[PDB]
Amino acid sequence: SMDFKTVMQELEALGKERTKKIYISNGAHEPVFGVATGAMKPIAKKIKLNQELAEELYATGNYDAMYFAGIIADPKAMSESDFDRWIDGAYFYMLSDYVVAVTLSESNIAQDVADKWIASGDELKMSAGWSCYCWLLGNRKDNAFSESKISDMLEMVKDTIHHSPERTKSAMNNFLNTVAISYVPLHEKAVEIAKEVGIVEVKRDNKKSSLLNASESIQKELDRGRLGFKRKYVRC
């Protein structure tokens, strides 16, 4: 089986300065190699699932190694304590939202852990918990969710998005868009909440704010005929 040193060498060889620049622009810090996710497919196909190696890779603090650790993890064997370790190391949103939340969405304890995270009051843990719901609404049938719980979550986003921490706002906006398209029981309420919320401004260090517009984004998906569509998050 592939060892830690060999994976780290292969990932460093795939790093490109362009991809790296972008990751650093988004909040990654050294060490980081800048590996495009599709370039990971052959290494991931060799390894399949290996929790031990995922743990060593996540501990590097190297964003690309940490991303790859999520692809090779065994989330059905990870405990709540394991996910709390991983979220403690997720130092910016690409880790919280695209690595830990996606690994969590593939576990058997996703909603329980995401709910705790949403309740935590900590920017990136809450971002991971809202993000995990977006990934679950694309990889689960509707009957995996309580309609009243999702409705109460939409109301929480309406009532509190504009005074939430910046990265939390991005993930709650993603939740509005994802409920409107991928959770048809509350399609109409999500559309109306999006209209009530309006533009959501995500302030960012080192670049301009992002002005999100969930009403627009939902309308683009409706224009494409995607009401009801559920997309499993694509990792690589």
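Residue numbers here begin at 1 and follow the sequence given.
- The PDB entry reports B-factors from which the mean C-alpha value can be compared for 76-84 and 99-107; the larger average falls on 76-84.
- Comparing 201-209 with 53-61, the stretch with the higher mean C-alpha B-factor in the PDB entry is 201-209.
- Across the residues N143, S164, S120, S127, the deposited record lists the maximum Cα B factor for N143.
- Sorting the modelled residues of the chain by their CA temperature factor places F68 in the middle third.
- Ranked by C-alpha B-factor against the other modelled residues of its chain, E12 falls in the highest third.
- Among all modelled residues in its chain, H29 ranks in the middle third by Cα B-factor.
- Remark: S131 belongs to the lowest third of its chain, ranked by C-alpha B-factor as recorded.
- Compared with the other modelled residues of the chain, the Cα B-factor recorded for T19 ranks in the highest third.
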